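Report on the following structure.
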Amino acid sequence: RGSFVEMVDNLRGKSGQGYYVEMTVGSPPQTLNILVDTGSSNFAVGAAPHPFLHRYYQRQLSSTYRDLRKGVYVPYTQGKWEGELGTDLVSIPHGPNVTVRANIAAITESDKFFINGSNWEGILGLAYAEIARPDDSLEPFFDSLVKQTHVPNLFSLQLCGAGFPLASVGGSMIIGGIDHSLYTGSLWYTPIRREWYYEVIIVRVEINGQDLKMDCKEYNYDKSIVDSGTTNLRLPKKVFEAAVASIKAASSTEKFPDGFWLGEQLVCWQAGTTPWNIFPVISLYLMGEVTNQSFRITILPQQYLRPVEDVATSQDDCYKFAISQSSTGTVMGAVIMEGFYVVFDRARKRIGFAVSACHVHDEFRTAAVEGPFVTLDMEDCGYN
Ligand SMILES: C[C@]1([C@@H]2C[C@H]2C(=O)Nc2cccc3cc(Cl)cnc23)N=C(N)OCC1(F)F
Ligand code: NA
Ligand code: NA
């Protein structure tokens, strides 16, 4: 409890390509890098020689593979994959010293799924069985882990973002506990509303302390989730409209093209001259543990302005605006998570946030987690 030195710094990534952990599958163990995804519930790995892949799961080499004689076709909004289901022995080398028999979807065909130039070959869906494909009878990895070992039913994530000049991203996934070296101040917990996605309820939104004053149901239409497998902070369309109006206003001392705010074009500045100060902070108040009690998390432009390094057309420091409109509810992606140490306390059906010891900031502002606040009618903020 509280100290897991073997798991610190077990995440790696490249800016724009997500955060992955080393895993092994099969006997003898085959090493793969696997994207950590709290927004899905399947363990799915490349199993055929797709040209984008560094390596792939070769079931024929594993003496412990067991075929489930069942396939799955998984379409996303953009892109898809098709796989064959089976079980095999799975371990996390820089994780708990255990090996479990887990479901594995061996990906045999995919479209717009793997990233050309990335260093990961599969995804680890850490959410609940309700959203597993093809149905909720396919036990997710973490459920198998907890069922088969003495690993406590919780994990925590510290995602450490980037800044010019481009160095790799990194962080820590603490499996079965919390490492108190990874955050400062106190953890504040918000309830997991329902165990499918890691669904939470946002009760108030501010831009530089200025309340959007929308009906709070709007903030969670049709859900709000914590998702390490999405870059952006995605906001419901109506909320995005209000938020971006407020952000434009706060930053009006400089004018940027309309397309910038829509993520249709980059903005660039001469190296080292990014005007962080003109951009507002963004605060989400989350439902607390106690009736009529909330707490607030606050992120900086350092989180929501993403550095884009691979721009052969330009010579400067270029950025993408990574708050975007949603039709799937609020998505608290890497833009939120990079500010915080996030504790997925499954045992107690709650998510903890604390200020990350690694988050990107400046001399004037830092990410924050603050409470308690008094917030009435928070139950009305959930969409039904
Ligand atoms: C299944 C799925 C795939 C696995 C997600 C994915 O590929 N994510 C990413 C792709 C590219 C750059 C990224 C950067 C960061 Cl920081 C995170 N994820 C990144 N999971 C979620 N949660 O939402 C999208 C999805 F398709 F449903
Ligand atoms: Na157990
Ligand atoms: Na601490």
Side-chain angles (χ1 to χ4, degrees), residues 13 16-21 23 25-26 30 32-59 62 65-88 90 92 100-145 194-199 222-223 225-232 234 324 326-334 344:
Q17 299 183 345
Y19 295 82
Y20 59 82
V21 68
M23 303 185 73
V25 295
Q30 295 175 40
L32 299 171
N33 287 330
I34 302 296
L35 183 86
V36 169
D37 187 7
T38 65
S40 70
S41 303
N42 284 85
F43 181 36
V45 305
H50 189 287
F52 295 174
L53 297 181
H54 283 82
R55 54 205 162 167
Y56 51 93
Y57 181 30
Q58 297 188 105
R59 288 167 292 167
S62 176
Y65 183 72
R66 299 180 188 171
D67 196 340
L68 285 169
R69 311 157 189 89
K70 187 169 159 81
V72 66
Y73 182 104
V74 179
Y76 302 120
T77 296
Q78 194 201 48
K80 70 94 202 286
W81 58 263
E82 318 186 53
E84 299 167 4
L85 298 170
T87 70
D88 212 333
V90 183
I92 303 178
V100 301
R101 179 160 291 276
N103 294 308
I104 305 175
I107 294 168
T108 54
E109 172 74 359
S110 66
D111 185 82
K112 294 174 179 186
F113 180 69
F114 299 120
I115 299 166
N116 196 25
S118 81
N119 200 37
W120 57 261
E121 293 88 54
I123 67 173
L124 180 66
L126 290 163
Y128 297 97
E130 179 68 11
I131 61 167
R133 314 299 177 80
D135 58 64
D136 70 4
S137 76
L138 195 77
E139 187 172 80
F141 170 82
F142 206 89
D143 289 86
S144 300
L145 178 61
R194 173 184 164 205
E195 299 156 295
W196 58 322
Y197 300 93
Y198 287 104
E199 184 186 4
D222 57 291
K223 59 180 187 290
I225 73 172
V226 184
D227 187 6
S228 65
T230 293
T231 298
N232 287 6
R234 296 233 295 275
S324 64
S326 183
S327 57
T328 61
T330 295
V331 184
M332 308 170 48
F344 296 79

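Numbers here simply count residues along the sequence, with the first being 1.
Of all heavy-atom pairs spanning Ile92 and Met23, the tightest one is CG1-CE, 3.9 Å. In terms of heavy atoms, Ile107 sits closest to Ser110 at CG2-CB, 4.0 Å. Closest approach of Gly26 to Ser62, counting heavy atoms only: CA-OG, 3.3 Å. Nearest approach of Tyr128 to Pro140, heavy atoms of both residues: C-CG, 4.0 Å.
Rounding to the nearest 0.5 Å places OG1 of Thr38 at 7.0 Å from CG of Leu126. With rounding to the nearest 0.5 Å, the separation of OG1 in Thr230 from CG in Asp37 is 7.0 Å. A distance of 10.5 Å separates CD1 in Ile104 from CG in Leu85, rounded to the nearest 0.5 Å. Rounded to the nearest 0.5 Å, atoms OH (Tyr20) and CG (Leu32) are 12.5 Å apart. Expressed to the nearest 0.5 Å, how far CG of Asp143 lies from CG of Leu145 amounts to 9.5 Å. Note that OH of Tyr197 and OG of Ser41 are 8.0 Å apart. Values are rounded to the nearest 0.5 Å.
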Using the rule given for side chain to side chain contact (heavy atoms under 4.5 Å, CB included), can you reason through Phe141 versus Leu124, listing the C-alpha separation, both sets of side-chain angles and the distance that settles it, and then say yes or no?
CA-CA 8 Å; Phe141 170 82; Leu124 180 66; 3.7 Å; yes
| task | Go through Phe142 and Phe344 one step at a time and tell me if the ring pair (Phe, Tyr, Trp, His ring centres under 6.0 Å) criterion holds. | result | CA-CA 11 Å; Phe142 206 89; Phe344 296 79; 9.6 Å; no
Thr108 and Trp81: CA distance, side-chain angles, deciding distance, side chain to side chain contact (heavy atoms under 4.5 Å, CB included) verdict | CA-CA 8 Å; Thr108 54; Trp81 58 263; over 6 Å; no
Go through the steps for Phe43 and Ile34 under the test side chain to side chain contact (heavy atoms under 4.5 Å, CB included), then give the verdict.
CA-CA 9 Å; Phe43 181 36; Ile34 302 296; 4.0 Å; yes
Can you list the steps and then say if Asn103 with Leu68 is a side chain to side chain contact (heavy atoms under 4.5 Å, CB included)?
CA-CA 9 Å; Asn103 294 308; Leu68 285 169; 3.6 Å; yes
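Evaluated for a side chain to side chain contact (heavy atoms under 4.5 Å, CB included) with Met332, the options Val226, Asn232, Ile225 yield exactly one hit, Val226.
Under the 3.5 Å distance criterion, with hydrogens and angles disregarded, a donor-acceptor pair is assigned to the side chains of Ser144 and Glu139. No side-chain N or O of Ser40 forms a donor-acceptor pair with one of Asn42 less than 3.5 Å apart. Under the 3.5 Å distance criterion, with hydrogens and angles disregarded, no donor-acceptor pair is assigned to the side chains of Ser324 and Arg234.
The shortest distance between side-chain heavy atoms of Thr330 and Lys223 does not fall below 4.5 Å.
Ring pair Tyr76/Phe113 is parallel by interplanar angle, where below 30° counts as parallel and above 60° as perpendicular.
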Which atom pairs, one a donor and one an acceptor, fall under 3.5 Å between side chains of residues 45-59 and the rest of the protein, sequence neighbours left out?
residue	atom	partner	partner atom	Å
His50	ND1	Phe52	N	3.0
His54	ND1	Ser118	O	3.2
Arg55	NE	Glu121	OE1	3.1
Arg55	NH1	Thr31	O	3.4
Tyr57	OH	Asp88	OD2	2.6
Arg59	NH1	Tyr65	OH	3.3
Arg59	NH1	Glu84	OE1	2.8
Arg59	NH2	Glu84	OE1	2.9

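Within a 6.0 Å radius of CZ in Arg66, no more than 12 heavy atoms belonging to other residues, nucleotides or ligands are found. Enclosure of atom NZ in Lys80 by more than 12 non-hydrogen atoms of other residues, nucleotides or ligands within 6.0 angstrom is indicated.
Checked by atom type and distance alone, the side chain of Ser228 pairs as donor or acceptor with a backbone atom of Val36 at under 3.5 Å. A donor-acceptor contact shorter than 3.5 Å is absent between the side chain of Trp196 and the backbone of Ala127.
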